[PDB]
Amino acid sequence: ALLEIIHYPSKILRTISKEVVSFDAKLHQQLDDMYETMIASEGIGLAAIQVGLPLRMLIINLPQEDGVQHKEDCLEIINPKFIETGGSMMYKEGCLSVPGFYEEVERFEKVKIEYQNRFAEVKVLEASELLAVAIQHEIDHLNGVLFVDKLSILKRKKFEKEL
């Protein structure tokens, strides 16, 4: 089923999500709805609080060569945690919770996270470029952080203007 996406400046987006403990059918339905909702709004990433669920879980499905997304490449990241971080780069970002606005944000160029899939199976993932960016962006959501929070003084004004 489709879920309503929460938009800035809702305080719901400032919520600190909690660790997932029950990896059951209810959690799986939430993840399915999150995927259905993400694709319907044409997003590549989506955190649980973006649909009102204060759970530490997010999904990322980057489009490949053909430019299309394939449900098979969809990552379901739960209870994520950074093992290592490195580098620095500027990346222009967008967000389903901040429709219409895009701005450059400083991100680590390389990251390594540990997490669990929907079956509670521990996973380790190294990422760079777009995937590394999506991971950092989505994880920020779990901690109540939006990318417009990471804008420089100059760009933060450009945001308040386009508002």
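Don't overthink the numbering: it's just position in the shown sequence, from 1.
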Please compare 51-59 with 99-107 and say which has the higher mean C-alpha temperature factor in the record. 99-107
Given 62-70 and 25-33, the range whose Cα B-factors average higher in the PDB entry: 62-70
Out of 139, 151, 13, 20, whose C-alpha atom has the biggest B factor in the entry? 151
Can you tell me which third, lowest, middle or highest, the CA B-factor of residue 38 falls into for its chain? lowest
CA B-factor ranking of residue 122, expressed as a third of its chain: middle
